[PDB]
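Below is the structure:
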């Protein structure tokens with residue numbers, strides 16, 4: 008049974024090239040904002056992965073086949105461990121990206142996460158929170174999947190509002206999150234509705250902010268600062284040129304102590320958040336043995352790809368990176384084919400030399416089935432005249448080109 | 006009182022070495038893709054039947072959950104076979120793939142391998158074998174770590190030679206295995222070890238004279254052809270010689286110069302795997318590091334679940350090991366801990382909107398930029414940036430902000446220049 012173990016997915020070449028292209032894209036934006044790569048081991052000391060209630065997740069222990093060890097289930101704990109090991113060698117605030125696969129037991138058992146986090150030592154400017162929506166907008170605009178809104182909220186607001194009613198404290202942590210799945220609950224009084238009208242608040246960013254500042258006088264220390272930090276970040280997001288159609292305040296969103308983001312595809316709301324995160328005070332620093340402010344966002348890429356492909360939002364790529372095939376027209380000309388392929392490669396092009404002996408029709412068929420755009424036909428006459436015939440398999444165009452010009456001709460047809 | 010360090014043998018880089026790793030991965034990948042190799046990634050975890058199959062298991068790490092037998096991959100060639108089996112009807116053949124996954128071995138218990146293989150259906154052109162030294166050459170010319178020699182052989186020539194001496198298949202394997210240790214244990218010891226395998230003094234001299242054949246590619250090919258005529262009843266020897274000549278000519282036509290390769294009749298790489306061309310790559314003056322890239326043709330290793338004869342050829346770079354080695358030896362230099370090239374300093378907090386805008390603009394020009402938020406005096410910001418190896422600082426002060434202007438401090442040249451609208455162009459210009 009050569010099958011993949013259940014829950015461990017695997018891309019066909021088309022789909023993996025798509026993932027690589029998205030990964031390249033995300034990496035470009037991450038690095039634009041100064042985020043540095045780290046890759047932590049797949050395997051961690053069990054004591055690290057559980058330390059102070061870290062493991064509801066079934067995790068995977070490792071036994072040798074001829091000291092306790094398990095596979096990471098997220099990237100957040102590894103971040104904490106990482107900073108601990110390299111504390112004196114890092115720059116702060118530490119701005120990192122991580123694109124490792126992680127492992128959970130049950136619907137994917139193995140999936141890739143694309144996280145960025147900035148961690149500071151005693152404090153962390155809010156402008157790190159303002160950068161995140163700028164980061165999210167650039168990624169998903171480049172990725173070309175339709176329009177999206179980044180829903181912003183501050184944990185201090187919703188909770189600062191909660192205290193006004195004076196809910197019991199063992200009961201409040203119980204009825205703080207069961208209000209999320211309102212997607219007028221009577222099984223909430225045993226865990233009145235004044236809070237519903239608040240998470241219902243629907244308006245433009247400046248207006249919602251104004252109703253918040255207006256509500257301030259009515260009630263609220265926490266509420267007040269949450270609204271304040273909600274403004275500083277929003278002004279930041281504007282100063283960084285993020286257009287107003289790309290974000291909104293959504294007070295119903297829900302470790303996090305401040306800024307919180309969720310990202311929704313417009314008209315594809317049922318796929319949930321395609322990018323999430325926010326601000327924490329103690330989620331990293333477990334092993335530092337102290338308090339560390341951070342802001343981070345995460346893209347479950349494996350998850351995102353399967354959902355986006357299945358909904359026809361995302362198009363796969365050709366199964367090959369090759370843009371050009373040098374076809375085999377005659378055996379005696381193989382040295383020429385080898386040479387020309389290397390010339391095209393030198394000019395930056397991705398090339399395949401056909402090695403088999405088959406007629407031109409099948410070489411054409413094979414190159415098009417694989418999504419390769421150009422065929423470079425050189426038979427006896429072409430080679431003697433130091434020329435080639437260029438076939439565009441997509442347009443159907445066919446044109447004669449000097450070998451000296453071939454590489455620049457193909458390139459301007461791609462550009 | 007927890008201990009947070011990695012488990013023994015699971016290395017992990019600092020930002021600087023991670024940035025070097027990724028730069029190398031980008032370089033390798035670019036070369037692979039120019040020859041049309043496509044990427045795949047198989048799961049870290051496979052079924053235990055698959056990993057143990059055909060006896061081709065090396066200590067491996069199984070998995071039982073902590074509240091169907093399966094294990095972490097230990098090489099990339101088994102997964103590739105299992106991959107072809109799973110997608111047989113969806114792949115194009117010859118199937119050319121690159122794979123850059125981590126693998127796990129117990130004795137580095139985790140290390141990355143950068144592999145390419147072309148796998149064919151019934152037959153595979155020797156021209157795929159010829160591309161490999163071309164691919165190797167391009168890779169280590171880009172990496173830029175000194176000259177190197179791709180040593181090439183063919184198993185049919187080695188096995189074929191032993192067959193002409195009339196020794197059992199079994200003696201041949203253990204002879205090839207002694208020949209594989211020739212450099213380490215020396216000729217005198219090779220002679221003794223051959224004798225312990227039943228090999229007589231005439232056969233012994235012939236063996237050592239053969240594996241020590243050394244000259245230009247053409248004289249080595251000539252000598253082999255002369256041996257062909259002399260012992261004209263090793264059809265395997267003749268086929269090997271033929272194959273080796275096909276690969277060399279292809280290498281040459283691919284424009285690989287002669288200085289980059291030679292024939293090494295002693296390459297005795299994989300016991301039961303390789304059937305044809307074999308490669309090993311030496312960094313001139315650094316043989317202590319061993320091969321920096323090996324591989325070869327294998328006629329019956331990927332059929333594992335197929336049941337078809339599926340010839341393949343591949344090469345491999347143990348990138349984790351090679352990084353540790355090149356770094357320990359001083360051959361390779363690390364990269365700055367940050368991909369940033371520019372820092373917009375914080376002069377006055379009323380000028381954020383301007384810093385933020387100029388950051389995005391520089392970013393839109395394709396530069397990597399860190400906007401400094403925390404406000405300290407000019408000096409401290411230069412020093413914190415220079416410690417990180419960021420080259421450029423954008424200084425937009427009080428009156429400098431007014432006339433749509435800035436001063437930029439290049440921290441390599443230690444020089445400051447007044448530049449507005452033009453900044454991004456003059457940063458790239460001096461970069």
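Chains as they are written, first to last, in full-length UniProt numbering: chain A, 8 to 62, 64 to 74, 91 to 130, 136 to 212, 219 to 226, 233 to 260, 263 to 297, 302 to 462; chain B, 6 to 62, 65 to 74, 91 to 130, 137 to 449, 451 to 461. C-beta atoms are modelled at their ideal positions from N, C-alpha and C, and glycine is treated no differently.
Residues of its chain near residue 61(B), where Cβ-Cβ distance is below 7 Å and the 5 sequence neighbours each way are ignored: On the second chain, residue 61(B) is found 56 positions in, with the first residue counted as 1. 101, listed in sequence order.
Counting Cβ pairs, one atom from each stretch, are 3 or more of them under 8 Å apart for the stretch 149 to 168 of chain B and the stretch 270 to 285 of chain B? yes
Between residue 400(B) and residue 16(B), how many whole angstroms is the CB-CB distance? I'm expecting something under 8 Å. For the purposes of this step, residue 400(B) is identified with residue 371 of the second chain, where counting begins at 1. For the purposes of this step, residue 16(B) is identified with residue 11 of the second chain, where counting begins at 1. Between residue 16(B) and residue 400(B) the Cβ distance is about 33 Å, and since that is not below 8 Å, they are no contact.
Taking residue 68(B) as the query, report the chain A residues whose CB atoms sit under 9 Å from its CB, ordered along the chain. Translated into the one-based positions of the second chain, residue 68(B) becomes position 61. Here the neighbours are 50, 70, 71, 72, 73 and 93.
Counting contacts by CB-CB distance shorter than 8 Å, is residue 389(B) in contact with chain A? Here residue 389(B) corresponds to residue number 360 of the second chain, with the count starting at 1. At a cut-off of 8 Å between beta-carbon atoms, residue 389(B) makes contact with chain A.
Report back the beta-carbon spacing between residue 344(A) and residue 145(A) to the nearest angstrom; my notes put them in contact at under 8 Å. As a position in the first chain, residue 344(A) is number 297, starting the count at 1. As a position in the first chain, residue 145(A) is number 116, starting the count at 1. The Cβ separation is near 6 Å, so the contact holds.
At least 3 beta-carbon pairs within less than 8 Å: the stretch 40 to 49 of chain B vs the stretch 109 to 127 of chain B: Judged by pairs of C-beta atoms under 8 Å, the stretch 40 to 49 of chain B touches the stretch 109 to 127 of chain B, as three or more such pairs exist.
Report the residues of the stretch 97 to 118 of chain A with a CB closer than 7 Å to any CB of chain B, ordered along the chain. 105, 108, 109, 110, 113 and 115
Grab the span of the alpha helix (DSSP H) containing residue 204(B) for me, first residue to last. Taking the first residue of the second chain as position 1, residue 204(B) is located at position 175. Taken as a continuous stretch (DSSP letters only), the alpha helix (DSSP H) holding residue 204(B) covers 198 to 208.
Given this structure, state the Cα-to-Cα distance separating residue 371(B) from residue 444(B), to the nearest angstrom. Position 342 of the second chain, counting from 1, holds the residue named residue 371(B). Position 415 of the second chain, counting from 1, holds the residue named residue 444(B). The straight-line gap separating the alpha-carbon atoms of residue 371(B) and residue 444(B) is approximately 15 Å.
Under the DSSP definition of a beta bridge, which residues are partnered with residue 182(B)? On the second chain, residue 182(B) is found 153 positions in, with the first residue counted as 1. Assignment of beta-bridge partners to residue 182(B) by DSSP yields 307(B).
So, with DSSP's three-state summary, where would you put residue 418(A)? Numbered from its first residue, the first chain carries residue 418(A) at position 371. DSSP places residue 418(A) in coil when its eight states are reduced to three.
Which residues mark the beginning and the end of the alpha helix (DSSP H) in which residue 126(B) is found? As a first step, residue 126(B) is located in the second chain; it is residue number 103 there, counting from the start. No alpha helix (DSSP H) contains residue 126(B), which is instead part of the beta strand (DSSP E) from 125 to 127.
Put residue 293(B) into one of helix, strand or coil per three-state DSSP. Reading the second chain from its first residue, position 264 is the one you call residue 293(B). In this structure, residue 293(B) counts as coil in the three-state DSSP scheme.
Between residue 44(A) and chain B, is the shortest Cβ-Cβ distance under 8 Å, so that the two count as touching? Taking the first chain and counting its residues from 1, the one referred to as residue 44(A) is at position 37. It does; some Cβ of chain B falls within 8 Å.
In terms of alpha-carbon separation, which member of 373(A), 393(A) and 18(A) lies closest to residue 405(A)? Taking the first chain and counting its residues from 1, one reaches residue 405(A) at position 358. Measuring from the Cα of residue 405(A), the nearest candidate turns out to be 373(A).
If I follow the unbroken alpha helix (DSSP H) through residue 12(B), where does it start and stop? Within the second chain, residue 12(B) is the residue found at index 7, counting from 1. DSSP places residue 12(B) outside any alpha helix (DSSP H), giving it a letter other than H or E.
Can you pull the chain A residues whose beta carbon is under 7 Å from the beta carbon of residue 417(B), in chain order? Taking the first residue of the second chain as position 1, residue 417(B) is located at position 388. Under the 7 Å cutoff, chain A gives 115.
Going by C-alpha to C-alpha distance, which of 246(A), 306(A) and 244(A) sits closest to residue 268(A)? On the first chain, residue 268(A) is found 225 positions in, with the first residue counted as 1. Checked all of 246(A), 306(A) and 244(A); the closest Cα to residue 268(A) is 306(A).
Applying a beta-carbon distance threshold of less than 8 Å, which residues of chain A neighbour residue 12(B)? For the purposes of this step, residue 12(B) is identified with residue 7 of the second chain, where counting begins at 1. Residues of chain A with a Cβ closer than 8 Å to the Cβ of residue 12(B) are, in chain order, 48, 50, 51, 52, 91 and 93.
Opposite residue 237(B) in the DSSP bridges: which residues? Locating residue 237(B) in the second chain gives position 208, counting from the first residue. Paired residue(s): none; residue 237(B) is not in a bridge.
Please state if the CB of residue 263(B) and the CB of residue 192(B) are separated by a distance shorter than 8 Å. By one-based count along the second chain, residue 192(B) stands at place 163. By one-based count along the second chain, residue 263(B) stands at place 234. Result yes, Cβ atoms of residue 192(B) and residue 263(B) sit closer than 8 Å.
DSSP three-state assignment for residue 423(B), whether helix, strand or coil: Numbered from 1 along the second chain, position 394 holds the residue referred to as residue 423(B). Residue 423(B): strand per DSSP, three-state reduction.
Would you decide whether residue 327(A) is buried or exposed? Buried here means 16 or more other CB atoms lie within 10 Å of its CB. Here residue 327(A) is taken as the residue at index 280 of the first chain, counted from 1. The residue is buried, with at least 16 neighbouring Cβ atoms inside 10 Å.
Return the residue from the list 365(A), 449(A) and 225(A) that minimises the CA-CA distance to residue 26(A). In the first chain, residue 26(A) corresponds to position 19, counting from 1. It is 365(A).
Quick check on residue 150(B): buried or exposed, where buried means 16 or more other Cβ atoms within 10 Å of its Cβ? Mapped onto the second chain, residue 150(B) falls at position 121. Per the 10 Å Cβ criterion, exposed.
Does residue 435(A) come within less than 8 Å of chain B when only Cβ atoms are used? Taking the first residue of the first chain as position 1, residue 435(A) is located at position 388. Chain B contact via Cβ: absent.
Out of curiosity, what's the CA-to-CA distance linking residue 69(A) and residue 109(B)? Translated into positions along the first chain, residue 69(A) becomes position 61. Translated into positions along the second chain, residue 109(B) becomes position 86. Rounded to the nearest angstrom, the two C-alpha atoms are 27 Å apart.
Could you tell me if residue 71(A) is buried or exposed, where buried requires 16 or more neighbouring beta carbons within 10 angstroms of its beta carbon? As a first step, residue 71(A) must be located in the first chain, where it is residue number 63. Flag for residue 71(A) reads exposed.
C-beta contact flag for residue 14(A) and residue 130(A) at 8 Å: Indexing the first chain from 1 puts residue 14(A) at position 7. Indexing the first chain from 1 puts residue 130(A) at position 106. Closer than 8 Å, so yes.
Boundaries (first-last residue) of the beta strand (DSSP E) holding residue 327(B): As a working mapping, residue 327(B) is identified with position 298 in the second chain. Element bounds for residue 327(B): 323 to 327.
Would you mind sorting residue 65(A) into buried or exposed? The rule is 16 or more other CB atoms within 10 Å of its CB. In the first chain, residue 65(A) corresponds to position 57, counting from 1. Residue 65(A) is exposed by the Cβ-count criterion.
So is residue 442(B) buried or exposed if we call it buried at 16+ other beta carbons inside 10 Å? Along the second chain, one-based indexing puts residue 442(B) at 413. When all chains shown are included, residue 442(B) counts as exposed.
Express the C-alpha separation of residue 360(A) and residue 312(A) in angstroms, rounding to a whole number. Here residue 312(A) is taken as the residue at index 265 of the first chain, counted from 1. Here residue 360(A) is taken as the residue at index 313 of the first chain, counted from 1. Answer to the nearest angstrom: the Cα atoms are 10 Å apart.
Run through DSSP, which three-state label would residue 60(B) get? By 1-based counting over the second chain, the position of residue 60(B) is 55. Reduced to three states, the DSSP call for residue 60(B) is helix.
When the Cα atoms are used, what is the spatial distance from residue 415(B) to residue 438(B)? Residue mapping note: residue 415(B) aligns to position 386 of the second chain, counting from 1. Residue mapping note: residue 438(B) aligns to position 409 of the second chain, counting from 1. Taking the straight line from one Cα to the other gives about 11 Å.
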